[PDB]
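One file, coords-v1.pdb, is given below (PDB, C-alpha atoms).
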ATOM      1  CA  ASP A   1      24.313  10.063  -8.431
ATOM      2  CA  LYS A   2      23.891   6.784 -10.311
ATOM      3  CA  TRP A   3      20.099   7.243 -10.388
ATOM      4  CA  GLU A   4      20.138  10.502 -12.379
ATOM      5  CA  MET A   5      18.943  10.285 -15.978
ATOM      6  CA  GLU A   6      18.362  12.483 -19.002
ATOM      7  CA  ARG A   7      14.687  13.110 -19.725
ATOM      8  CA  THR A   8      15.361  12.401 -23.413
ATOM      9  CA  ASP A   9      15.982   8.781 -22.353
ATOM     10  CA  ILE A  10      12.208   8.373 -21.853
ATOM     11  CA  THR A  11       9.360   8.708 -24.350
ATOM     12  CA  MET A  12       6.054   9.532 -22.674
ATOM     13  CA  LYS A  13       2.791   7.764 -23.472
ATOM     14  CA  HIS A  14      -0.716   7.717 -22.007
ATOM     15  CA  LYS A  15      -1.483   8.946 -18.513
ATOM     16  CA  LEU A  16      -2.284   5.862 -16.448
ATOM     17  CA  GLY A  17      -4.780   4.873 -13.766
ATOM     18  CA  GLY A  18      -7.410   7.283 -15.048
ATOM     19  CA  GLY A  19      -5.601  10.125 -13.289
ATOM     20  CA  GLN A  20      -6.434   8.843  -9.792
ATOM     21  CA  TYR A  21      -2.707   8.779  -8.941
ATOM     22  CA  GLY A  22      -1.922  12.276 -10.206
ATOM     23  CA  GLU A  23       0.673  12.878 -12.914
ATOM     24  CA  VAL A  24       1.785   9.316 -13.596
ATOM     25  CA  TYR A  25       2.367   8.141 -17.160
ATOM     26  CA  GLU A  26       3.229   4.971 -18.992
ATOM     27  CA  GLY A  27       6.617   5.523 -20.613
ATOM     28  CA  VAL A  28       9.256   3.792 -22.708
ATOM     29  CA  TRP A  29      12.885   3.576 -21.621
ATOM     30  CA  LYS A  30      14.166   3.487 -25.190
ATOM     31  CA  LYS A  31      17.630   2.147 -24.304
ATOM     32  CA  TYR A  32      16.180  -1.142 -23.003
ATOM     33  CA  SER A  33      12.825  -1.155 -24.872
ATOM     34  CA  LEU A  34      11.272  -1.243 -21.401
ATOM     35  CA  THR A  35       7.798  -0.031 -20.493
ATOM     36  CA  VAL A  36       8.115   2.079 -17.337
ATOM     37  CA  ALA A  37       5.967   4.260 -15.084
ATOM     38  CA  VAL A  38       6.843   7.952 -15.089
ATOM     39  CA  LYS A  39       5.986   9.997 -12.548
ATOM     40  CA  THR A  40       5.997  13.803 -13.109
ATOM     41  CA  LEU A  41       5.363  17.097 -11.308
ATOM     42  CA  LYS A  42       2.890  19.593 -12.766
ATOM     43  CA  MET A  43       2.708  18.721  -4.426
ATOM     44  CA  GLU A  44       5.658  20.968  -3.653
ATOM     45  CA  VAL A  45       8.965  20.395  -5.408
ATOM     46  CA  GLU A  46      10.903  19.527  -2.251
ATOM     47  CA  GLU A  47       8.445  16.832  -1.157
ATOM     48  CA  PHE A  48       8.615  15.378  -4.673
ATOM     49  CA  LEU A  49      12.418  15.216  -4.544
ATOM     50  CA  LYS A  50      12.412  13.772  -1.010
ATOM     51  CA  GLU A  51      10.046  11.010  -2.119
ATOM     52  CA  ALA A  52      12.496  10.221  -4.923
ATOM     53  CA  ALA A  53      15.441  10.145  -2.493
ATOM     54  CA  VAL A  54      13.616   7.806  -0.098
ATOM     55  CA  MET A  55      12.916   5.301  -2.877
ATOM     56  CA  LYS A  56      16.643   5.056  -3.646
ATOM     57  CA  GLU A  57      17.092   3.298  -0.281
ATOM     58  CA  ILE A  58      14.207   0.863  -0.864
ATOM     59  CA  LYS A  59      14.885  -2.611  -2.270
ATOM     60  CA  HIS A  60      12.439  -5.487  -1.753
ATOM     61  CA  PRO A  61      10.766  -7.870  -4.236
ATOM     62  CA  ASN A  62       7.291  -6.647  -3.174
ATOM     63  CA  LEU A  63       7.947  -2.882  -3.195
ATOM     64  CA  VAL A  64       7.772  -0.927  -6.455
ATOM     65  CA  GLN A  65      11.345  -0.669  -7.699
ATOM     66  CA  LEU A  66      12.819   2.719  -8.533
ATOM     67  CA  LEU A  67      14.703   2.778 -11.836
ATOM     68  CA  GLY A  68      15.797   6.392 -12.337
ATOM     69  CA  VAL A  69      15.189  10.063 -11.628
ATOM     70  CA  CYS A  70      15.470  13.375 -13.488
ATOM     71  CA  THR A  71      16.091  15.815 -10.635
ATOM     72  CA  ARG A  72      18.629  18.294 -12.042
ATOM     73  CA  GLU A  73      16.259  20.440 -14.106
ATOM     74  CA  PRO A  74      12.471  20.670 -14.401
ATOM     75  CA  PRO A  75      10.300  18.970 -15.316
ATOM     76  CA  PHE A  76      11.239  16.339 -12.729
ATOM     77  CA  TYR A  77      10.770  12.609 -13.322
ATOM     78  CA  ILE A  78      10.513   9.648 -10.976
ATOM     79  CA  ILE A  79      10.864   6.476 -13.047
ATOM     80  CA  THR A  80       9.827   3.085 -11.667
ATOM     81  CA  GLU A  81       9.038  -0.340 -13.051
ATOM     82  CA  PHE A  82       5.659  -0.820 -14.719
ATOM     83  CA  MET A  83       3.232  -3.349 -13.217
ATOM     84  CA  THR A  84       1.320  -4.873 -16.103
ATOM     85  CA  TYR A  85      -2.034  -5.603 -14.463
ATOM     86  CA  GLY A  86      -2.662  -2.253 -12.774
ATOM     87  CA  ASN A  87      -3.854  -1.823  -9.209
ATOM     88  CA  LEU A  88      -4.958  -4.684  -6.980
ATOM     89  CA  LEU A  89      -8.460  -3.275  -6.421
ATOM     90  CA  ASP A  90      -9.499  -3.344 -10.083
ATOM     91  CA  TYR A  91      -7.625  -6.627 -10.529
ATOM     92  CA  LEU A  92      -9.643  -8.341  -7.793
ATOM     93  CA  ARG A  93     -12.986  -6.977  -9.003
ATOM     94  CA  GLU A  94     -12.445  -8.094 -12.614
ATOM     95  CA  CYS A  95     -10.527 -11.355 -12.119
ATOM     96  CA  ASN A  96     -11.412 -14.968 -12.843
ATOM     97  CA  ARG A  97     -12.036 -16.253  -9.314
ATOM     98  CA  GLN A  98     -11.378 -19.839 -10.440
ATOM     99  CA  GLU A  99      -7.829 -18.725 -11.257
ATOM    100  CA  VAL A 100      -7.527 -16.115  -8.495
ATOM    101  CA  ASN A 101      -8.831 -18.525  -5.858
ATOM    102  CA  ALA A 102      -8.268 -18.850  -2.102
ATOM    103  CA  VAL A 103      -4.628 -19.935  -2.318
ATOM    104  CA  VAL A 104      -3.803 -17.017  -4.631
ATOM    105  CA  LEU A 105      -5.391 -14.590  -2.154
ATOM    106  CA  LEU A 106      -3.185 -16.092   0.562
ATOM    107  CA  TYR A 107      -0.173 -15.679  -1.734
ATOM    108  CA  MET A 108      -0.986 -12.009  -2.343
ATOM    109  CA  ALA A 109      -1.475 -11.317   1.378
ATOM    110  CA  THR A 110       1.845 -13.019   2.168
ATOM    111  CA  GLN A 111       3.605 -10.788  -0.384
ATOM    112  CA  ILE A 112       2.083  -7.561   0.948
ATOM    113  CA  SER A 113       2.926  -8.476   4.546
ATOM    114  CA  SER A 114       6.485  -9.260   3.442
ATOM    115  CA  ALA A 115       6.855  -5.745   2.025
ATOM    116  CA  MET A 116       5.400  -4.247   5.206
ATOM    117  CA  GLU A 117       7.696  -6.366   7.382
ATOM    118  CA  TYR A 118      10.628  -4.912   5.426
ATOM    119  CA  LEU A 119       9.379  -1.343   5.927
ATOM    120  CA  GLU A 120       8.763  -2.059   9.621
ATOM    121  CA  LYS A 121      12.356  -3.266   9.958
ATOM    122  CA  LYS A 122      13.787  -0.317   7.979
ATOM    123  CA  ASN A 123      11.985   2.296  10.146
ATOM    124  CA  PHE A 124       9.533   3.442   7.469
ATOM    125  CA  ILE A 125       5.770   3.905   7.518
ATOM    126  CA  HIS A 126       3.420   3.884   4.533
ATOM    127  CA  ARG A 127       0.337   5.837   5.739
ATOM    128  CA  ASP A 128      -1.931   4.848   2.805
ATOM    129  CA  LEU A 129      -2.075   1.053   2.718
ATOM    130  CA  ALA A 130      -5.047  -0.066   0.604
ATOM    131  CA  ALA A 131      -5.819  -2.268  -2.388
ATOM    132  CA  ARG A 132      -5.865   0.763  -4.699
ATOM    133  CA  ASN A 133      -2.208   1.359  -3.748
ATOM    134  CA  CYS A 134      -1.004  -2.178  -4.480
ATOM    135  CA  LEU A 135       0.043  -3.188  -7.989
ATOM    136  CA  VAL A 136      -0.206  -6.538  -9.773
ATOM    137  CA  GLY A 137       2.248  -8.096 -12.204
ATOM    138  CA  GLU A 138       2.457 -11.408 -14.016
ATOM    139  CA  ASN A 139       1.689 -14.610 -12.092
ATOM    140  CA  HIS A 140      -0.094 -12.787  -9.249
ATOM    141  CA  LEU A 141       3.017 -10.850  -8.252
ATOM    142  CA  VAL A 142       1.977  -8.010  -5.931
ATOM    143  CA  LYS A 143       4.017  -4.932  -5.044
ATOM    144  CA  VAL A 144       3.109  -2.146  -2.627
ATOM    145  CA  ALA A 145       3.414   1.405  -3.924
ATOM    146  CA  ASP A 146       6.154   3.185  -1.972
ATOM    147  CA  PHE A 147       5.750   6.828  -2.988
ATOM    148  CA  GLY A 148       4.356   8.268   0.245
ATOM    149  CA  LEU A 149       6.876   6.708   2.609
ATOM    150  CA  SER A 150       7.996   8.665   5.668
ATOM    151  CA  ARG A 151      10.932   8.045   7.980
ATOM    152  CA  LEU A 152       9.906   7.134  11.529
ATOM    153  CA  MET A 153      11.925   5.079  13.997
ATOM    154  CA  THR A 154       9.816   1.965  14.598
ATOM    155  CA  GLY A 155       7.968   2.620  17.845
ATOM    156  CA  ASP A 156       7.623   6.399  17.450
ATOM    157  CA  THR A 157       4.608   8.444  16.374
ATOM    158  CA  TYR A 158       4.145  10.793  13.414
ATOM    159  CA  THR A 159       1.576  13.585  13.730
ATOM    160  CA  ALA A 160      -0.069  14.502  10.435
ATOM    161  CA  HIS A 161      -0.429  18.164   9.522
ATOM    162  CA  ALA A 162      -3.425  20.080  10.848
ATOM    163  CA  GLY A 163      -6.384  19.898   8.491
ATOM    164  CA  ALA A 164      -5.213  16.678   6.848
ATOM    165  CA  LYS A 165      -7.942  14.523   5.314
ATOM    166  CA  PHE A 166      -7.685  10.746   5.522
ATOM    167  CA  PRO A 167      -9.305   7.759   3.799
ATOM    168  CA  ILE A 168     -11.614   7.313   6.770
ATOM    169  CA  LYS A 169     -12.509   3.647   6.295
ATOM    170  CA  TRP A 170      -8.810   2.641   6.174
ATOM    171  CA  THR A 171      -7.637   4.938   8.982
ATOM    172  CA  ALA A 172      -6.720   3.811  12.499
ATOM    173  CA  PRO A 173      -8.656   5.356  15.425
ATOM    174  CA  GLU A 174      -5.657   7.185  16.901
ATOM    175  CA  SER A 175      -5.123   8.746  13.463
ATOM    176  CA  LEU A 176      -8.756   9.795  13.009
ATOM    177  CA  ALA A 177      -8.937  11.377  16.469
ATOM    178  CA  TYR A 178      -5.411  12.757  16.981
ATOM    179  CA  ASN A 179      -3.704  12.660  13.529
ATOM    180  CA  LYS A 180      -1.154  10.234  15.014
ATOM    181  CA  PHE A 181       0.395   7.641  12.696
ATOM    182  CA  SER A 182       2.765   4.768  13.439
ATOM    183  CA  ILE A 183       3.672   1.348  12.076
ATOM    184  CA  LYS A 184       0.730   0.110  14.167
ATOM    185  CA  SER A 185      -1.644   2.330  12.185
ATOM    186  CA  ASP A 186      -0.190   0.699   9.073
ATOM    187  CA  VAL A 187      -1.164  -2.628  10.660
ATOM    188  CA  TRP A 188      -4.731  -1.347  11.057
ATOM    189  CA  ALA A 189      -4.885  -0.387   7.377
ATOM    190  CA  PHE A 190      -3.423  -3.778   6.443
ATOM    191  CA  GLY A 191      -6.369  -5.429   8.181
ATOM    192  CA  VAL A 192      -8.729  -3.399   6.003
ATOM    193  CA  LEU A 193      -6.551  -4.317   3.017
ATOM    194  CA  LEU A 194      -6.965  -7.948   4.089
ATOM    195  CA  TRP A 195     -10.740  -7.444   4.054
ATOM    196  CA  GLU A 196     -10.569  -5.975   0.544
ATOM    197  CA  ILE A 197      -8.630  -9.040  -0.617
ATOM    198  CA  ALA A 198     -11.013 -11.553   0.974
ATOM    199  CA  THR A 199     -14.001  -9.805  -0.662
ATOM    200  CA  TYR A 200     -12.418  -9.408  -4.133
ATOM    201  CA  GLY A 201     -12.527  -5.629  -3.871
ATOM    202  CA  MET A 202     -15.674  -4.765  -1.927
ATOM    203  CA  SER A 203     -15.855  -1.337  -0.353
ATOM    204  CA  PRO A 204     -15.278  -1.591   3.420
ATOM    205  CA  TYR A 205     -18.046  -0.770   5.898
ATOM    206  CA  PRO A 206     -20.568  -0.911   3.020
ATOM    207  CA  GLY A 207     -23.337   1.662   3.335
ATOM    208  CA  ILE A 208     -22.021   2.956   6.667
ATOM    209  CA  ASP A 209     -21.874   6.746   6.932
ATOM    210  CA  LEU A 210     -18.302   8.049   7.054
ATOM    211  CA  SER A 211     -19.217  10.487   9.845
ATOM    212  CA  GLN A 212     -20.093   7.568  12.147
ATOM    213  CA  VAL A 213     -17.147   5.225  11.438
ATOM    214  CA  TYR A 214     -15.020   6.506  14.325
ATOM    215  CA  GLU A 215     -17.896   6.375  16.815
ATOM    216  CA  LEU A 216     -18.709   2.820  15.696
ATOM    217  CA  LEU A 217     -15.063   1.828  16.207
ATOM    218  CA  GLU A 218     -15.121   3.328  19.712
ATOM    219  CA  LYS A 219     -17.849   0.860  20.723
ATOM    220  CA  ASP A 220     -15.881  -2.146  19.386
ATOM    221  CA  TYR A 221     -17.781  -2.385  16.118
ATOM    222  CA  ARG A 222     -15.725  -4.161  13.464
ATOM    223  CA  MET A 223     -16.444  -5.430   9.975
ATOM    224  CA  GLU A 224     -17.903  -8.928   9.794
ATOM    225  CA  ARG A 225     -16.100 -11.977   8.485
ATOM    226  CA  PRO A 226     -16.576 -12.094   4.691
ATOM    227  CA  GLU A 227     -18.236 -15.071   3.055
ATOM    228  CA  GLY A 228     -15.749 -17.883   2.528
ATOM    229  CA  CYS A 229     -13.059 -16.188   4.609
ATOM    230  CA  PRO A 230     -11.222 -18.669   6.870
ATOM    231  CA  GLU A 231     -11.662 -17.956  10.567
ATOM    232  CA  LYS A 232      -7.892 -17.853  11.125
ATOM    233  CA  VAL A 233      -7.602 -15.131   8.481
ATOM    234  CA  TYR A 234     -10.509 -13.237  10.043
ATOM    235  CA  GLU A 235      -8.871 -13.462  13.472
ATOM    236  CA  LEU A 236      -5.734 -11.966  11.941
ATOM    237  CA  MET A 237      -7.970  -9.165  10.664
ATOM    238  CA  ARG A 238      -9.437  -8.562  14.123
ATOM    239  CA  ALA A 239      -5.989  -8.491  15.731
ATOM    240  CA  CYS A 240      -5.013  -5.736  13.284
ATOM    241  CA  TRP A 241      -8.136  -3.831  14.402
ATOM    242  CA  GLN A 242      -7.378  -3.811  18.137
ATOM    243  CA  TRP A 243      -8.193  -0.412  19.638
ATOM    244  CA  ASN A 244      -4.843  -0.034  21.406
ATOM    245  CA  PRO A 245      -2.027   0.155  18.808
ATOM    246  CA  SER A 246       0.402  -1.741  21.056
ATOM    247  CA  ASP A 247      -1.992  -4.720  21.033
ATOM    248  CA  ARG A 248      -1.848  -5.077  17.245
ATOM    249  CA  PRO A 249       0.621  -7.661  15.911
ATOM    250  CA  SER A 250       3.827  -6.688  14.186
ATOM    251  CA  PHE A 251       4.219  -7.163  10.453
ATOM    252  CA  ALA A 252       6.916  -9.725  11.282
ATOM    253  CA  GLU A 253       4.354 -11.810  13.172
ATOM    254  CA  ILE A 254       1.727 -11.210  10.472
ATOM    255  CA  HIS A 255       4.065 -12.358   7.698
ATOM    256  CA  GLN A 256       5.120 -15.400   9.734
ATOM    257  CA  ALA A 257       1.464 -16.355  10.219
ATOM    258  CA  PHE A 258       0.701 -15.962   6.505
ATOM    259  CA  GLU A 259       3.880 -17.788   5.473
ATOM    260  CA  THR A 260       2.831 -20.747   7.627
ATOM    261  CA  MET A 261      -0.696 -20.775   6.180
ATOM    262  CA  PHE A 262       0.568 -20.415   2.601
ATOM    263  CA  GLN A 263       3.013 -23.315   2.944
ATOM    264  CA  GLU A 264       0.259 -25.505   4.437
ATOM    265  CA  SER A 265      -1.963 -25.023   1.364
TER     266      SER A 265
END

Show the structure stored in the file as structure tokens.
Amino acid sequence: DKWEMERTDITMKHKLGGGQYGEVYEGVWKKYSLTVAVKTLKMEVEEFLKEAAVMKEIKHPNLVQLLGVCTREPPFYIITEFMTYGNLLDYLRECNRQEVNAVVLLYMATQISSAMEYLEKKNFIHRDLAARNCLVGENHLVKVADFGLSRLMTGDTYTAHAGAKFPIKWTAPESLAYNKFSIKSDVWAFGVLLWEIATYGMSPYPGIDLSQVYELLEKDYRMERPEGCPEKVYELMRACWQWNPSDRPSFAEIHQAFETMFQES
């Protein structure tokens, strides 16, 4: 299609993110002197190509934009825009908090919830929402990584494969116990993502043993309000962490609430 590209069009450079994202490289699109992110294969081939095909249908200012693909012959490339400031987790931990202050945190949360509202409306789920999977550009622009998206008609449930291992401290209770994922489990992870943002990148449930997280959640244990976090933001967190998925707000409601708060600041 129009996305296909010749691998010669790209000159590879350093592997990025310390390898934590797999085979992803900083690259140059020589035609436009553009620094890009190149993703290569070295997961199964068919899942790689599906994840490229899904990104062709994705267009939102806060979702990482696909730019091209090399799918005809190996090695296969997925080429996306390059976000200058890396992932949101490292960005928050290393930032100047006088610059990245409370209103900027609200701005970043409004952007992320806008991307998730779009996915909610387009019948997609993310399944790995976390600060490490958000990217930061110039002027506190935030985009959600959209490489593990799955199709799921909003309101249905996806059952992860047997033996799947999850980031426990970001994972909804129905997913920990029954491997069931939905847009509501993305809302749960967003609440944890909210907590990461309000703490400038602290690890959630600090010091708590991973084996006991689920049993704590069963007895209505939830993370405490971070220092300096507005109560209205913390109550949005707690709504995302409701035990019953149907009681969690939609991303549309979440984005509306953040849009209102952001405009009032």

Tell me, as a list in words, which residues lie within 9 Å of residue A:40, counting only C-alpha atoms; anything in the same chain fewer than 3 positions away does not count.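 Once the adjacent positions are removed, what remains is residues 22, 23, 24, 25, 48, 75, 76, 77, 78 and 79 of chain A.
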
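Distance annotation: of A:142, A:134, A:89, A:164, the residue with the minimal separation from residue A:104 is A:142; atom set is only C-alpha atoms.
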
Closest atom pairs, residues of stretch 175-211 of chain A within 8 Å of stretch 231-254 of chain A, all atoms listed in the file, as a tab-separated table:
residue	atom	partner	partner_atom	distance
A:184	CA	A:245	CA	5.4
A:185	CA	A:245	CA	7.0
A:187	CA	A:240	CA	5.6
A:188	CA	A:240	CA	4.9
A:189	CA	A:240	CA	8.0
A:190	CA	A:240	CA	7.3
A:191	CA	A:237	CA	4.8
A:192	CA	A:237	CA	7.5
A:194	CA	A:237	CA	6.8
A:195	CA	A:237	CA	7.4

Could you please give me, as a PyMOL selection string, the residues of protein, DNA or RNA lying at most 12 Å from (13.3, -0.6, -0.1) in the coordinate frame of the file, considering all atoms listed in the file? chain A and resi 52-66+114-126+143-147+149

Keeping only C-alpha atoms, write the selected residues as a compact mmCIF listing (two decimals), in the coordinates of the input.
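What ended up in result_4.txt:
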# COMPACT_ATOMS: atom_id res chain seq x y z
CA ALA A 52 12.50 10.22 -4.92
CA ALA A 53 15.44 10.14 -2.49
CA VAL A 54 13.62 7.81 -0.10
CA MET A 55 12.92 5.30 -2.88
CA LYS A 56 16.64 5.06 -3.65
CA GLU A 57 17.09 3.30 -0.28
CA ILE A 58 14.21 0.86 -0.86
CA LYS A 59 14.88 -2.61 -2.27
CA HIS A 60 12.44 -5.49 -1.75
CA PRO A 61 10.77 -7.87 -4.24
CA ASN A 62 7.29 -6.65 -3.17
CA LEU A 63 7.95 -2.88 -3.20
CA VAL A 64 7.77 -0.93 -6.46
CA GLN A 65 11.34 -0.67 -7.70
CA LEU A 66 12.82 2.72 -8.53
CA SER A 114 6.48 -9.26 3.44
CA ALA A 115 6.86 -5.74 2.02
CA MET A 116 5.40 -4.25 5.21
CA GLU A 117 7.70 -6.37 7.38
CA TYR A 118 10.63 -4.91 5.43
CA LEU A 119 9.38 -1.34 5.93
CA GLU A 120 8.76 -2.06 9.62
CA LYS A 121 12.36 -3.27 9.96
CA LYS A 122 13.79 -0.32 7.98
CA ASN A 123 11.98 2.30 10.15
CA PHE A 124 9.53 3.44 7.47
CA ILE A 125 5.77 3.90 7.52
CA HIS A 126 3.42 3.88 4.53
CA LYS A 143 4.02 -4.93 -5.04
CA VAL A 144 3.11 -2.15 -2.63
CA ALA A 145 3.41 1.40 -3.92
CA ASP A 146 6.15 3.18 -1.97
CA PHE A 147 5.75 6.83 -2.99
CA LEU A 149 6.88 6.71 2.61

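For the atom pair formed by atom CA of residue A:255 and atom CA of residue A:106, the distance is 10.8 Å, given to one decimal.
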
Any chance you could work out the axis-aligned box around stretch 168-172 of chain A, listed atoms only, 6 Å on each side, giving centre and edge lengths in Å to one decimal, as AutoDock Vina command-line options?
--center_x -9.6 --center_y 5.0 --center_z 9.3 --size_x 17.8 --size_y 16.7 --size_z 18.3

Nearest to residue A:168, chosen from A:203, A:256, A:86, A:150, with all atoms listed in the file counted in the distances: A:203

Name every residue that the PyMOL selection byres ((chain A and resi 11) around 10) selects in this structure, writing the answer as a PyMOL selection string with chains first and numbers rising. chain A and resi 7-10+12-13+26-30+35-36+38

Give me a file of those residues, with C-alpha atoms, as a PDB file, in the coordinates of the input.
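Saved result, result37.pdb, follows:
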ATOM      1  CA  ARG A   7      14.687  13.110 -19.725  1.00  0.00           C
ATOM      2  CA  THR A   8      15.361  12.401 -23.413  1.00  0.00           C
ATOM      3  CA  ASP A   9      15.982   8.781 -22.353  1.00  0.00           C
ATOM      4  CA  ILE A  10      12.208   8.373 -21.853  1.00  0.00           C
ATOM      5  CA  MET A  12       6.054   9.532 -22.674  1.00  0.00           C
ATOM      6  CA  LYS A  13       2.791   7.764 -23.472  1.00  0.00           C
ATOM      7  CA  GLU A  26       3.229   4.971 -18.992  1.00  0.00           C
ATOM      8  CA  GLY A  27       6.617   5.523 -20.613  1.00  0.00           C
ATOM      9  CA  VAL A  28       9.256   3.792 -22.708  1.00  0.00           C
ATOM     10  CA  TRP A  29      12.885   3.576 -21.621  1.00  0.00           C
ATOM     11  CA  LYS A  30      14.166   3.487 -25.190  1.00  0.00           C
ATOM     12  CA  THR A  35       7.798  -0.031 -20.493  1.00  0.00           C
ATOM     13  CA  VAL A  36       8.115   2.079 -17.337  1.00  0.00           C
ATOM     14  CA  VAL A  38       6.843   7.952 -15.089  1.00  0.00           C
TER      15      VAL A  38
END

Mind telling me what the PyMOL selection byres ((chain A and resi 171) around 9) catches here, as a ChimeraX atom specification? /A:127-128,166-170,172-176,185-186,188-189,192

What is the distance between atom CA of residue A:90 and atom CA of residue A:179, in Å to one decimal?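 Here the two named atoms are 29.1 Å from each other.
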
Could you check which of A:129, A:141, A:83, A:103 is closest to residue A:229, using only C-alpha atoms?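 Answer, going by the shortest atom-to-atom distance: A:103.
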
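Going from atom CA of residue A:19 to atom CA of residue A:4 covers 25.8 Å.
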
For residue A:261, which of A:41, A:109, A:49, A:34 is the closest residue, counting only C-alpha atoms? A:109

Within 10 Å of residue A:200 using only C-alpha atoms, minus same-chain residues under 6 positions, as a PyMOL selection string: chain A and resi 88-95+97+100-101+105+131+194

Can those selected residues be exported to a file as a PDB file, keeping the file's coordinate frame so that it contains C-alpha atoms?
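New file out.pdb:
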ATOM      1  CA  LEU A  88      -4.958  -4.684  -6.980  1.00  0.00           C
ATOM      2  CA  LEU A  89      -8.460  -3.275  -6.421  1.00  0.00           C
ATOM      3  CA  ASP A  90      -9.499  -3.344 -10.083  1.00  0.00           C
ATOM      4  CA  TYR A  91      -7.625  -6.627 -10.529  1.00  0.00           C
ATOM      5  CA  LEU A  92      -9.643  -8.341  -7.793  1.00  0.00           C
ATOM      6  CA  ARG A  93     -12.986  -6.977  -9.003  1.00  0.00           C
ATOM      7  CA  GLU A  94     -12.445  -8.094 -12.614  1.00  0.00           C
ATOM      8  CA  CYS A  95     -10.527 -11.355 -12.119  1.00  0.00           C
ATOM      9  CA  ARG A  97     -12.036 -16.253  -9.314  1.00  0.00           C
ATOM     10  CA  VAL A 100      -7.527 -16.115  -8.495  1.00  0.00           C
ATOM     11  CA  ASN A 101      -8.831 -18.525  -5.858  1.00  0.00           C
ATOM     12  CA  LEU A 105      -5.391 -14.590  -2.154  1.00  0.00           C
ATOM     13  CA  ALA A 131      -5.819  -2.268  -2.388  1.00  0.00           C
ATOM     14  CA  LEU A 194      -6.965  -7.948   4.089  1.00  0.00           C
TER      15      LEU A 194
END

Could you check which residues have any atom within 8 Å of (-16.9, -3.3, 4.3), counting only C-alpha atoms with coordinates taken straight from the file, and then list them as a list in words?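 So the residues meeting the distance criterion are residues 195, 196, 202, 203, 204, 205, 206, 223 and 224 of chain A.
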
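With distances taken over only C-alpha atoms, A:69 is the one residue among A:37, A:16, A:69, A:217 lying closest to residue A:50.
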
Shortest contact to residue A:99, candidates A:140, A:51, A:222, A:177, atoms counted all atoms listed in the file, goes to A:140
